[PDB]
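S.K.: Below is the structure, and that's it, no one-letter string:
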RNA sequence: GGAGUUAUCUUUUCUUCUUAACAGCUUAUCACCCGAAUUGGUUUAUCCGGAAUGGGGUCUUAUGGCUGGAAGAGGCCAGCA
């Protein structure tokens, strides 16, 4: 499974949140278990979500496509840089590594 | 405030007067509102704002207007020696 297939399942039973400030919260306190980082996410602010994730030792999914492919997988128009997955729910993203 | 026209006739008809550096007061655009849940802006709007979120949160520039200088000075037009 690719994570964009499983993102539609996070919407229902699980919880996600989008944003730089939203992911900054979630890596510092550690409410996110798995973040997603896209391709064309801005210069400084992308690197910090890699940093804080390695620091707290929260997991990072490095994405295949760009911000448009990531944004359509959740559901807004804008160039979604990150998706912070708090709870999985219906998503089979846990049992990818078994 | 001043004058009803040489010719029939005219006092709410025409004309003249009707003003003033600076400092203080304090507005459109931009960006840590990047970020972005939401949606003010004819609107296509990812955008940015009423409204809501962080970390602990807010800000610059600036047509005009308001206020001070001006206790004082000019000026339609007249009164005396």
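M.R.: Perfect, thanks for sending it. Numbers count the residues shown, from 1 in each chain, chains lettered A, B, ... in the order given.

S.K.: Near RNA strand B, which residues of chain A are found?
M.R.: A:18-22, A:24-25, A:28, A:42, A:45, A:76-82 (CB under 7 Å from any atom of the strand). In short, each C-beta sits where N, CA and C put it, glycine included.

S.K.: And the helices in chain A?
M.R.: When secondary structure is read from DSSP state H, chain A shows helices at A:3-10, A:20-28, A:43-56, A:67-74.

S.K.: Can you give me the buried ones in the second one?
M.R.: Buried residues in helix A:20-28, counting neighbours by 16 or more other CB atoms under 10 Å, are found at A:20, A:23, A:24, A:25, A:26, A:27.

S.K.: Kindly indicate which of the residues you listed lies nearest residue A:70.
M.R.: Nearest to residue A:70 out of the buried residues of helix A:20-28 is residue A:23 (CB to CB; 12.7 Å).

S.K.: need the contact list for the closest one.
M.R.: A:17, A:32, A:35, A:49, A:82, A:84 (CB atoms under 8 Å, 6 or more residues apart in numbering).

S.K.: Just give me the closest of these to RNA strand B.
M.R.: residue A:82 (6.0 Å; CB to the nearest atom of the strand).

S.K.: give me the number of residues near the closest one?
M.R.: When counting by other CB atoms under 10 Å, one arrives at 26 neighbours for residue A:82.

S.K.: quick one on the thing from earlier: quick one, which of the helices of chain A is nearest to residue A:90?
M.R.: helix A:3-10 (4.1 Å).
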